[PDB]
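Everything below concerns the one structure shown next.
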Amino acid sequence: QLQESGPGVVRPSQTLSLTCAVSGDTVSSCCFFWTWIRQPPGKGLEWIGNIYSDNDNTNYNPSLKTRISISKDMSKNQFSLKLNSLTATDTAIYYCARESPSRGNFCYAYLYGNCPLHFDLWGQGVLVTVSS
Amino acid sequence: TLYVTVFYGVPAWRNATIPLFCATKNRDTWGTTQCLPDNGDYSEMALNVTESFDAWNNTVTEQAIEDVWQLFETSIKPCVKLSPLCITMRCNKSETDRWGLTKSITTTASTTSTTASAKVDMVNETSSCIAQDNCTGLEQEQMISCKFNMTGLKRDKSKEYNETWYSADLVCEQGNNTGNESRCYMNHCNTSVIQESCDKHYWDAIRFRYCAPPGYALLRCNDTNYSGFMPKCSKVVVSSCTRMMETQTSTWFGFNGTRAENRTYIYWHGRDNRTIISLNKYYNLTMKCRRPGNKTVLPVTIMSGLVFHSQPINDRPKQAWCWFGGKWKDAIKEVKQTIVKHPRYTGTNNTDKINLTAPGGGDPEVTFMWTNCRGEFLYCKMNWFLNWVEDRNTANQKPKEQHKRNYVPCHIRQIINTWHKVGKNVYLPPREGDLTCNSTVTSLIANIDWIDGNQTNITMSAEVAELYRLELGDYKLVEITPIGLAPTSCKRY
Amino acid sequence: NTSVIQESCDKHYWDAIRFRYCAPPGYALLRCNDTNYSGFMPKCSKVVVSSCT
Amino acid sequence: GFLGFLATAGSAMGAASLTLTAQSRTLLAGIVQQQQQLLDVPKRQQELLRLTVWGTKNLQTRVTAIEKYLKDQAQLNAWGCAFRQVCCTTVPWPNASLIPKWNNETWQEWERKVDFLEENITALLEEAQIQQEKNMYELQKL
Amino acid sequence: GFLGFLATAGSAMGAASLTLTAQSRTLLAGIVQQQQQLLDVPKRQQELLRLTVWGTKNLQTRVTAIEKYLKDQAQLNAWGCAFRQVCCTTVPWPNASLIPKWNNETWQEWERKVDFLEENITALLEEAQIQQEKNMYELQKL
Amino acid sequence: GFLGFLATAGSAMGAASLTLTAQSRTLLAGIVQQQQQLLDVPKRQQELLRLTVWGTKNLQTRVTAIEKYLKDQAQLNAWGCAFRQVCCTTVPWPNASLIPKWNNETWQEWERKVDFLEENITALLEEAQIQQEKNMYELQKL
Amino acid sequence: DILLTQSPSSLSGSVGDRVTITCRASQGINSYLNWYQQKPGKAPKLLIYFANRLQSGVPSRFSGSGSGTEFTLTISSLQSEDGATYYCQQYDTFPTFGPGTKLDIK
Ligand SMILES: *[C@@H]1O[C@H](CO)[C@@H](O[C@@H]2O[C@H](CO)[C@@H](O[C@@H]3O[C@H](CO[C@H]4O[C@H](CO[C@H]5O[C@H](CO)[C@@H](O)[C@H](O)[C@@H]5O)[C@@H](O)[C@H](O[C@H]5O[C@H](CO)[C@@H](O)[C@H](O)[C@@H]5O[C@H]5O[C@H](CO)[C@@H](O)[C@H](O)[C@@H]5O)[C@@H]4O)[C@@H](O)[C@H](O[C@H]4O[C@H](CO)[C@@H](O)[C@H](O)[C@@H]4O)[C@@H]3O)[C@H](O)[C@H]2NC(C)=O)[C@H](O)[C@H]1NC(C)=O
Ligand SMILES: *[C@@H]1O[C@H](CO)[C@@H](O[C@@H]2O[C@H](CO)[C@@H](O[C@@H]3O[C@H](CO[C@H]4O[C@H](CO[C@H]5O[C@H](CO)[C@@H](O)[C@H](O)[C@@H]5O)[C@@H](O)[C@H](O[C@H]5O[C@H](CO)[C@@H](O)[C@H](O)[C@@H]5O[C@H]5O[C@H](CO)[C@@H](O)[C@H](O)[C@@H]5O)[C@@H]4O)[C@@H](O)[C@H](O[C@H]4O[C@H](CO)[C@@H](O)[C@H](O)[C@@H]4O)[C@@H]3O)[C@H](O)[C@H]2NC(C)=O)[C@H](O)[C@H]1NC(C)=O
Ligand SMILES: *[C@@H]1O[C@H](CO)[C@@H](O[C@@H]2O[C@H](CO)[C@@H](O[C@@H]3O[C@H](CO[C@H]4O[C@H](CO)[C@@H](O)[C@H](O)[C@@H]4O)[C@@H](O)[C@H](O[C@H]4O[C@H](CO)[C@@H](O)[C@H](O)[C@@H]4O[C@H]4O[C@H](CO)[C@@H](O)[C@H](O)[C@@H]4O[C@H]4O[C@H](CO)[C@@H](O)[C@H](O)[C@@H]4O)[C@@H]3O)[C@H](O)[C@H]2NC(C)=O)[C@H](O)[C@H]1NC(C)=O
Ligand SMILES: *[C@@H]1O[C@H](CO)[C@@H](O[C@@H]2O[C@H](CO)[C@@H](O[C@@H]3O[C@H](CO[C@H]4O[C@H](CO)[C@@H](O)[C@H](O)[C@@H]4O)[C@@H](O)[C@H](O[C@H]4O[C@H](CO)[C@@H](O)[C@H](O)[C@@H]4O)[C@@H]3O)[C@H](O)[C@H]2NC(C)=O)[C@H](O)[C@H]1NC(C)=O
Ligand SMILES: *[C@@H]1O[C@H](CO)[C@@H](O[C@@H]2O[C@H](CO)[C@@H](O[C@@H]3O[C@H](CO)[C@@H](O)[C@H](O)[C@@H]3O)[C@H](O)[C@H]2NC(C)=O)[C@H](O)[C@H]1NC(C)=O
Ligand SMILES: *[C@@H]1O[C@H](CO[C@@H]2O[C@@H](C)[C@@H](O)[C@@H](O)[C@@H]2O)[C@@H](O[C@@H]2O[C@H](CO)[C@@H](O)[C@H](O)[C@H]2NC(C)=O)[C@H](O)[C@H]1NC(C)=O
Ligand SMILES: *[C@@H]1O[C@H](CO)[C@@H](O[C@@H]2O[C@H](CO)[C@@H](O)[C@H](O)[C@H]2NC(C)=O)[C@H](O)[C@H]1NC(C)=O
Ligand SMILES: *[C@@H]1O[C@H](CO)[C@@H](O)[C@H](O)[C@H]1NC(C)=O
Ligand SMILES: *[C@@H]1O[C@H](CO)[C@@H](O)[C@H](O)[C@H]1NC(C)=O
Ligand SMILES: *[C@@H]1O[C@H](CO)[C@@H](O)[C@H](O)[C@H]1NC(C)=O
Ligand SMILES: *[C@@H]1O[C@H](CO)[C@@H](O)[C@H](O)[C@H]1NC(C)=O
Ligand SMILES: *[C@@H]1O[C@H](CO)[C@@H](O)[C@H](O)[C@H]1NC(C)=O
Ligand SMILES: *[C@@H]1O[C@H](CO)[C@@H](O)[C@H](O)[C@H]1NC(C)=O
Ligand SMILES: *[C@@H]1O[C@H](CO)[C@@H](O)[C@H](O)[C@H]1NC(C)=O
Ligand SMILES: *[C@@H]1O[C@H](CO)[C@@H](O)[C@H](O)[C@H]1NC(C)=O
Ligand SMILES: *[C@@H]1O[C@H](CO)[C@@H](O)[C@H](O)[C@H]1NC(C)=O
Ligand SMILES: *[C@@H]1O[C@H](CO)[C@@H](O)[C@H](O)[C@H]1NC(C)=O
Ligand SMILES: *[C@@H]1O[C@H](CO)[C@@H](O)[C@H](O)[C@H]1NC(C)=O
Ligand SMILES: *[C@@H]1O[C@H](CO)[C@@H](O)[C@H](O)[C@H]1NC(C)=O
Ligand SMILES: *[C@@H]1O[C@H](CO)[C@@H](O)[C@H](O)[C@H]1NC(C)=O
Ligand SMILES: *[C@@H]1O[C@H](CO)[C@@H](O)[C@H](O)[C@H]1NC(C)=O
């Protein structure tokens, strides 16, 4: 379903891009979010951001408020990241997920805190190194 | 080192469960008597706080429902009782037999007709069929002329009066009338006493808003994702008074709502599947109703000296009827789509399995929409409308119901059971002259009920009270409690 | 016939009714104490203060 | 409708407001508007003033608001901080286990974490005031 | 009652005896007379105490006596005066064109020339107190 | 409240036992219980809130508690000594024939022997507060 | 934000034993806690969601419960294939994830 992609090596102060394709489905399907997390080598998981499939609304981790941007393209069934001002600490495995809501009598809004939300579907992961 | 100390002037609050003050612009009767003037201040400010909101379990909505009802009761309370009228009335037999109140077996009717007869009939403003009150399929009103003996203040003197009743307002005694003058009584007299709603109730609009008393404030959700029940609302707006509420009481379709926005919202009860679907104002949905004919009204002084308004029409007018305008087909398609995409819906896939439907049973209070036009309640059979807006393949609905039209037949009823949970029967005085009303349509009152991934059934409901939770609902009342406690080192001496 | 007549049964007018008015706290009554008071007087020079009429 | 308290609700405990005069302003706006209507009702309706339920609901609403205003003033008088901002009482905080983050938490968040302490604290603050009061009595007598 | 407020009328702006305490005692007089009458009515009429127009008029004056008292204390608190003989302020007088003649004009004459300013001044006095509260809060943080 | 305030009765006038917090806590306990009932009644009876004798009576008892609180606080503010125990007013005691036995007589016995002095004293105490405050005005001008 | 922590950070047991992991929070989470199972070299997969429901496709030996500030993951019988890093996720707000714990095999 989720296939990520992008440069393995990027330089400091450049912008990293990563594009994930959806296979057998689209990015406009109702009630899904296209999200990204990071996993720096030797570390746990960090959520970085979310774009909602039925709208142009996004939700980002405040630590990257001025560094992260997420967009979608329905003609490609793709979604992507742009991460600016790269540094050494941005080396990580970047992963995609669909974050399907559990629709039903426990979901009131597609918002954090108002619907069961979980990453049922995960991609493969792309390891990106920031280096000279 | 760390002492409790007292922090006064703290920006904090808790849930309040107190009465609110009402304020209005219409001060002709109940406004001057009960309400503050509307200050005109509709400003609001936003806070960076998170709060829990619930339309159904609310004090704001609870007061709206009980206050509208209570002001009704105190308005009718002093009006003339009609128990002196619960006497045998002498009614024209052909009319009581024709409209089914009484029986006859000498009519031996038999009809032969074309079965391939379903038609499609559209009407709009630029048409003579509306101006002349005669559209294909409209029939006569069904009014029955009855005579009776009534006594005024002279007591030992009395007069006979000419009263024409709508057929649904009579019971009529049955069996072995081989002549004329059938014997009838009012439909709801014997189990109770019918009181006349004499103080112009429902002849105009009732609009008011609520204001918090000192020390209290109202919080409101300003999200687009508010669905009636929301445990964590991120956009919380503060105000001292609510938006203006229209206390309109109609079934199936709500009229003249204040929450008219360029969006379809569906509120959902947290513990149930009863919903209030707003309609998208983008489509200018409107319902224009007419009551044909020129009425005469004759005040009668009865026993106590109070006056009753009789209806000596002595004519045979066309049925009251209603015309639906605006882009109904598209507004309904959006509703179906909104349901499919809604967070609480886990039903079907396509909008071709989602249909509007009437509630079942033989009970007129749910099977027919009730609309209040300036004092006269108008029940309307809507199969023609539904067939049209849904573009249904009718086929087997039986010949009179198989048509697609943007108008429906309707029938006036003067003895109406109160909309609230009272059970009281009241009489609505007739309006003099002809009647016309042009309403906006802002909401649909319905349950969503599916048990599988095919067939969604949006079932129209008659709980008029649910409409007040769309008018308000998003408000929470809170108490400001500006005293805090917190460890600090700064004790006196 | 045009109305209902009610009996004035509770001894009304069978004796005299006399009363005076008193201002509530924070209010006072001013009175003209002239001989030239003719019902309407823009500038009354003798103004007398009391709590009750 | 000054809304001065709610205005700083989204900031932090160690950040803003601690306003006293806003309660007076709120009460004044309330009283004036109720008085204007009470003077207005008799212009059209003098008989049905308390006789019917709408007038009892408006009365209960007004009485409750007056009691609330005075309730806070009475509690402050017991503590002495009618006009003291932080007051500076001498009662120790119940335990070191429950401490505010002055730069992260708001007063709304904080107060909902000490609701089970207030039950004991109000009484303790009053007891402390009583002993201080006794000490002041003797000092004044001397 | 006493009406000391009128007794000193006509004495000029450079007035003597501004009987501040007069409002507290007028409240007390109000409460006593109305309470005694309400206790007296039940001797003959126990039901229709508020349910007949005389009792809606008498309740209105009782509730109002409480509210009038509180409006003045609340306004005074809003302007920073727990007790106000003069309770000096930080708000400047609007202009030099409106200055009283302390040894010629009376308070009745004077006040009726400045009703215009009272509407603008009330707000200014409240604003001054808001800033003073903010300043105290900053001092508390320091 | 618990009415522990009167527990000392019989102890003699000079046996300390005076307090400024007892009435606030009695009133505060009262307000919470009474407000809870005002809001509880509508769960069964929403129309007849003050349309009945008991409705009117509950109004009367809630109001009486408030009027009483205000009468006493208003009188103290007139004397200025809201928080001062003994208050230290400057009005001389009327005569040497009415002197308490601090270690024999109780406050109940004592107060019933000076009811006629309060009638002249209240006014004197109020004037003393006015004179002190007008002198402060003159000093601020200087 | 909500600080989500986990304990033991590293635990082991034999195949066939009973294994549990506890997650704790600095703030209450109503029930919105997810568990993920990540094996080395692979993306994490959802194991349990909304603190109570097993994700379809996950073996029945996995279960869990929790509320407020305390949640538990249980493997009724540890398998030789269950060595993995288990992570907790709160999604009450701006999801942050906990540090993760490791299950080894003995
Ligand atoms: C200020 O005002 C606001 C707004 O009014 C107040 O907010 C409201 O506060 C209420 C009181 O706390 C909340 O209601 C209560 O919610 C509890 C939690 O519900 C969830 O969990 C239930 C079971 O889960 C258990 O196990 C998990 C393990 O993870 C624990 O975490 C849980 O805590 C439990 O121990 C689950 O069943 C619930 O789902 C059902 O109810 C919700 C309601 O929103 C529906 O949406 C669901 O579809 C579902 O409904 C079905 O089942 C119920 C029966 O349970 C039927 O009635 C329905 O018709 C339908 O078939 C949630 O997922 C509940 O445990 C709690 O119930 C107990 O207590 C009540 C008495 O109050 C008893 O009657 C019950 O029988 C039971 O013992 C109760 O429902 C509101 O949700 C909350 N509203 C919002 C918008 O946030 C705020 O508190 C006020 N503040 C103050 C100071 O006054
Ligand atoms: C506290 O309570 C007290 C006690 O009630 C209050 O005192 C009263 O306050 C009222 C309101 O201000 C005063 O009435 C007003 O008087 C105005 C002035 O009237 C005189 O001048 C008129 C025209 O002259 C113009 O040109 C000259 C040039 O020199 C100017 O100086 C003037 O100012 C004008 O610009 C003239 O027509 C008047 O004469 C008529 O009225 C008097 C009333 O006393 C009669 O005595 C006369 O006989 C004559 O009456 C005839 O004409 C009138 C119609 O005008 C008919 O109704 C009569 O039946 C009859 O035929 C004066 O010489 C008026 O201009 C003003 O009217 C305007 O405003 C009202 C609305 O308020 C409109 O409805 C009008 O249509 C019009 O636009 C009004 O009458 C009272 O006199 C005063 N009473 C006392 C004893 O002093 C006090 O204010 C209260 N205070 C507070 C704070 O509330
Ligand atoms: C949804 O909302 C819409 C609005 O957005 C609602 O529809 C509106 O409802 C209004 C209230 O009923 C109605 O207003 C009435 O219109 C009447 C017709 O006016 C026509 O002529 C005038 C020019 O003179 C035009 O400007 C106008 O456009 C029309 O062409 C008026 O006659 C009505 O006036 C009466 O009420 C006002 C109240 O302020 C009085 O000031 C006025 O003097 C009139 O008083 C009569 O009625 C009162 C009742 O209290 C009597 O006490 C009084 O003595 C008068 O009674 C005599 O006359 C009446 C006949 O009117 C007769 O029956 C009686 O026996 C006496 O002889 C008033 O202005 C809007 O027109 C209407 N608009 C539309 C488009 O429908 C809609 O209902 C809402 N929907 C739902 C479901 O609730
Ligand atoms: C007030 O409310 C009204 C609705 O009541 C809003 O009007 C709608 O606005 C939207 C957004 O512009 C319109 O949606 C667009 O319609 C285009 C035409 O589609 C035709 O063909 C499809 C079949 O393919 C039919 O289903 C459809 O009915 C039409 O016949 C589409 O080409 C657009 O596609 C783009 O967006 C979608 C995502 O939604 C992507 O998947 C596509 O790839 C592409 O990028 C789009 O769907 C809608 O038609 C309008 N309705 C009406 C009745 O006019 C107003 O905008 C709103 N006012 C304000 C101020 O917000
Ligand atoms: C509103 O109506 C819908 C549709 O009737 C309700 O959905 C239904 O809810 C019941 C109870 O949640 C479900 O039954 C049970 O589902 C659970 C989870 O799969 C299962 O473990 C039980 O064995 C049982 O089957 C039912 O499946 C579900 N139906 C559908 C098609 O969604 C909904 O709960 C109602 N909402 C409220 C708040 O009343
Ligand atoms: C009030 O009257 C209704 C109906 O009136 C009777 O039945 C009519 C058909 C007609 O013949 C009238 O003259 C009669 O007086 C009563 O409802 C009937 O109750 C019986 C007994 O339970 C039942 O078998 C019938 O089907 C009912 N008919 C209808 C139309 O509802 C009703 O009971 C009366 N209420 C009281 C208090 O007397
Ligand atoms: C409701 O709308 C109708 C139009 O559908 C209005 O009726 C017209 O009124 C004008 C006078 O203003 C007449 O000249 C037209 O002949 C009427 N049209 C028809 C079809 O009869 C009506 O006035 C509007 N509202 C109300 C309350 O009557
Ligand atoms: C409420 O939301 C609308 C946008 O839908 C915005 O224009 C308005 O300013 C918001 N209100 C407040 C008080 O922020
Ligand atoms: C509303 O919520 C309260 C808890 O705050 C609960 O006690 C009450 O029963 C609920 N009412 C309804 C109608 O669900
Ligand atoms: C009823 O109207 C008819 C005319 O249609 C008239 O002949 C008859 O006398 C009237 N009856 C009464 C009771 O007014
Ligand atoms: C009608 O007449 C028959 C006799 O022919 C009798 O049995 C029946 O009871 C009568 N019905 C009524 C309603 O009078
Ligand atoms: C109709 O009523 C009249 C009395 O007004 C009567 O003479 C006549 O016979 C009745 N009609 C029938 C069919 O019985
Ligand atoms: C609240 O949000 C606004 C943006 O809408 C921002 O400018 C303001 O600084 C925020 N306030 C706080 C206390 O976070
Ligand atoms: C001690 O701290 C815990 C945790 O905050 C709290 O629940 C408890 O009430 C506190 N005990 C006392 C005496 O304050
Ligand atoms: C607020 O949180 C940060 C971590 O994000 C921490 O470093 C800081 O000490 C906290 N502030 C307080 C008052 O505890
Ligand atoms: C009032 O008039 C009297 C004379 O009748 C005079 O003695 C007194 O000083 C005057 N008082 C004032 C304030 O003008
Ligand atoms: C300035 O003085 C004039 C009188 O000459 C007065 O009308 C005006 O209101 C005054 N303006 C202010 C701000 O005090
Ligand atoms: C009072 O008026 C006199 C003229 O009669 C004048 O000399 C004196 O200065 C005025 N007093 C004040 C304070 O302006
Ligand atoms: C009060 O302030 C407004 C500006 O907000 C000004 O237009 C008005 O003239 C002022 N009033 C007075 C008496 O100066
Ligand atoms: C009241 O009498 C008891 C003995 O029964 C004694 O202990 C107590 O001190 C006395 N109280 C006072 C105020 O004297
Ligand atoms: C002087 O003392 C006696 C003692 O009984 C008392 O009656 C009288 O009122 C006192 N005189 C005053 C207060 O002037």
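By convention here, the chains of the structure tokens are called A, B, ... in the order presented, each chain's residues are numbered starting at 1, and ligands are numbered starting at 1 in the order presented.
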Where does chain B meet ligand 1 within 10 Å, residue by residue, with the nearest atom pair and distance in Å to one decimal for each, counting only C-alpha atoms and all ligand atoms, listed by chain and rising number, as a Markdown table?
```
| residue | atom | partner | partner_atom_place_in_ligand_line | distance |
| --- | --- | --- | --- | --- |
| B:13 | CA | ligand 1 | 93 (C) | 9.9 |
| B:14 | CA | ligand 1 | 93 (C) | 6.3 |
| B:15 | CA | ligand 1 | 1 (C) | 5.1 |
| B:16 | CA | ligand 1 | 94 (O) | 7.9 |
| B:17 | CA | ligand 1 | 94 (O) | 9.0 |
| B:51 | CA | ligand 1 | 87 (O) | 8.3 |
| B:52 | CA | ligand 1 | 87 (O) | 4.8 |
| B:53 | CA | ligand 1 | 86 (C) | 4.7 |
| B:54 | CA | ligand 1 | 86 (C) | 4.7 |
| B:55 | CA | ligand 1 | 5 (O) | 8.0 |
| B:56 | CA | ligand 1 | 5 (O) | 8.1 |
| B:57 | CA | ligand 1 | 5 (O) | 5.2 |
| B:58 | CA | ligand 1 | 5 (O) | 6.2 |
| B:59 | CA | ligand 1 | 5 (O) | 8.9 |
| B:228 | CA | ligand 1 | 86 (C) | 8.5 |
| B:229 | CA | ligand 1 | 86 (C) | 5.1 |
| B:230 | CA | ligand 1 | 86 (C) | 4.6 |
| B:231 | CA | ligand 1 | 87 (O) | 3.5 |
| B:232 | CA | ligand 1 | 87 (O) | 6.9 |
| B:233 | CA | ligand 1 | 86 (C) | 8.8 |
| B:268 | CA | ligand 1 | 46 (O) | 9.5 |
| B:269 | CA | ligand 1 | 46 (O) | 8.0 |
| B:270 | CA | ligand 1 | 46 (O) | 4.3 |
| B:271 | CA | ligand 1 | 59 (O) | 4.0 |
| B:272 | CA | ligand 1 | 59 (O) | 5.4 |
| B:273 | CA | ligand 1 | 59 (O) | 8.9 |
| B:344 | CA | ligand 1 | 48 (O) | 9.0 |
| B:476 | CA | ligand 1 | 2 (O) | 7.7 |
| B:477 | CA | ligand 1 | 2 (O) | 8.9 |
| B:478 | CA | ligand 1 | 1 (C) | 8.7 |
```
Next, the residues of the selection above should be written as an mmCIF file, in the first residue's frame with N, CA and C atoms.
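In the end it all went to out.cif:
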```cif
data_model
loop_
_atom_site.group_PDB
_atom_site.id
_atom_site.type_symbol
_atom_site.label_atom_id
_atom_site.label_comp_id
_atom_site.auth_asym_id
_atom_site.auth_seq_id
_atom_site.Cartn_x
_atom_site.Cartn_y
_atom_site.Cartn_z
ATOM 1 N N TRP B 13 -12.708 28.535 35.775
ATOM 2 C CA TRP B 13 -14.143 28.258 35.871
ATOM 3 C C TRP B 13 -14.558 26.788 36.026
ATOM 4 N N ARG B 14 -15.828 26.599 36.373
ATOM 5 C CA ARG B 14 -16.428 25.266 36.507
ATOM 6 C C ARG B 14 -17.846 25.236 35.912
ATOM 7 N N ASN B 15 -18.431 24.030 35.672
ATOM 8 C CA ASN B 15 -19.797 23.851 35.144
ATOM 9 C C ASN B 15 -20.858 24.514 36.039
ATOM 10 N N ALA B 16 -21.763 25.322 35.429
ATOM 11 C CA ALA B 16 -22.873 25.997 36.116
ATOM 12 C C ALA B 16 -24.183 25.383 35.688
ATOM 13 N N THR B 17 -25.118 25.288 36.612
ATOM 14 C CA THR B 17 -26.435 24.766 36.304
ATOM 15 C C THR B 17 -27.494 25.688 36.854
ATOM 16 N N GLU B 51 -12.107 22.607 26.005
ATOM 17 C CA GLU B 51 -13.274 22.342 26.847
ATOM 18 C C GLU B 51 -14.201 21.264 26.263
ATOM 19 N N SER B 52 -14.964 20.591 27.123
ATOM 20 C CA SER B 52 -15.892 19.531 26.704
ATOM 21 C C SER B 52 -17.296 20.047 26.437
ATOM 22 N N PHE B 53 -17.824 19.804 25.244
ATOM 23 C CA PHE B 53 -19.164 20.276 24.907
ATOM 24 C C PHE B 53 -20.130 19.162 24.559
ATOM 25 N N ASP B 54 -21.395 19.328 24.956
ATOM 26 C CA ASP B 54 -22.417 18.281 24.686
ATOM 27 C C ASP B 54 -23.776 18.946 24.471
ATOM 28 N N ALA B 55 -24.308 18.873 23.247
ATOM 29 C CA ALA B 55 -25.601 19.523 22.938
ATOM 30 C C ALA B 55 -26.754 18.873 23.708
ATOM 31 N N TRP B 56 -26.822 17.544 23.738
ATOM 32 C CA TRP B 56 -27.997 16.897 24.380
ATOM 33 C C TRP B 56 -27.991 17.093 25.903
ATOM 34 N N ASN B 57 -26.872 16.806 26.574
ATOM 35 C CA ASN B 57 -26.792 16.969 28.053
ATOM 36 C C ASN B 57 -26.411 18.414 28.360
ATOM 37 N N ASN B 58 -27.322 19.355 28.115
ATOM 38 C CA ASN B 58 -26.981 20.788 28.302
ATOM 39 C C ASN B 58 -28.029 21.472 29.170
ATOM 40 N N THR B 59 -27.658 22.582 29.804
ATOM 41 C CA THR B 59 -28.601 23.365 30.556
ATOM 42 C C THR B 59 -29.135 24.484 29.701
ATOM 43 N N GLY B 228 -22.257 17.941 17.783
ATOM 44 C CA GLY B 228 -23.162 17.798 18.941
ATOM 45 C C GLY B 228 -22.403 17.342 20.169
ATOM 46 N N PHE B 229 -21.678 16.229 20.070
ATOM 47 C CA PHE B 229 -20.927 15.688 21.198
ATOM 48 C C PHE B 229 -19.433 15.737 20.934
ATOM 49 N N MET B 230 -18.711 16.561 21.667
ATOM 50 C CA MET B 230 -17.284 16.707 21.439
ATOM 51 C C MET B 230 -16.505 16.842 22.740
ATOM 52 N N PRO B 231 -15.857 15.788 23.264
ATOM 53 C CA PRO B 231 -15.163 15.836 24.535
ATOM 54 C C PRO B 231 -13.972 16.795 24.605
ATOM 55 N N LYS B 232 -13.338 17.133 23.479
ATOM 56 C CA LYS B 232 -12.232 18.091 23.504
ATOM 57 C C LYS B 232 -12.320 19.117 22.372
ATOM 58 N N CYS B 233 -12.980 20.266 22.621
ATOM 59 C CA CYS B 233 -13.227 21.330 21.655
ATOM 60 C C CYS B 233 -12.080 22.323 21.796
ATOM 61 N N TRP B 268 -25.118 14.700 16.315
ATOM 62 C CA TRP B 268 -25.500 13.303 16.646
ATOM 63 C C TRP B 268 -25.629 13.190 18.160
ATOM 64 N N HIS B 269 -26.698 12.577 18.656
ATOM 65 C CA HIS B 269 -26.771 12.343 20.119
ATOM 66 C C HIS B 269 -25.631 11.380 20.451
ATOM 67 N N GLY B 270 -24.905 11.630 21.538
ATOM 68 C CA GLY B 270 -23.757 10.772 21.878
ATOM 69 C C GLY B 270 -24.186 9.346 22.162
ATOM 70 N N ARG B 271 -25.299 9.165 22.874
ATOM 71 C CA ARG B 271 -25.724 7.801 23.283
ATOM 72 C C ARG B 271 -26.766 7.205 22.327
ATOM 73 N N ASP B 272 -27.190 7.932 21.290
ATOM 74 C CA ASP B 272 -28.267 7.388 20.419
ATOM 75 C C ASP B 272 -27.943 7.586 18.933
ATOM 76 N N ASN B 273 -28.936 7.394 18.059
ATOM 77 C CA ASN B 273 -28.758 7.617 16.603
ATOM 78 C C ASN B 273 -29.749 8.669 16.100
ATOM 79 N N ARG B 344 -19.315 9.393 12.842
ATOM 80 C CA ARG B 344 -20.065 8.383 13.636
ATOM 81 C C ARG B 344 -20.811 7.397 12.728
ATOM 82 N N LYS B 476 -22.081 26.276 26.413
ATOM 83 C CA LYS B 476 -21.900 25.716 27.736
ATOM 84 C C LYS B 476 -21.931 26.853 28.732
ATOM 85 N N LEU B 477 -22.620 26.681 29.840
ATOM 86 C CA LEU B 477 -22.642 27.747 30.825
ATOM 87 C C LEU B 477 -21.661 27.454 31.932
ATOM 88 N N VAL B 478 -20.801 28.426 32.232
ATOM 89 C CA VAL B 478 -19.823 28.225 33.277
ATOM 90 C C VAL B 478 -19.821 29.318 34.321
#
```
Taking only C-alpha atoms into account and nothing else, which residues of chain G lie no more than 8 Å away from chain A? Please answer as a count of residues only.
20
Residues of chain D within 12 Å of chain G, only C-alpha atoms counted, as a PyMOL selection string
chain D and resi 104-105+109+113
Which chains and residue numbers are within 7 Å of ligand 14, counting only C-alpha atoms and all ligand atoms, if I want them as number ranges by chain?
D: 94-95, 97-98, 116-117
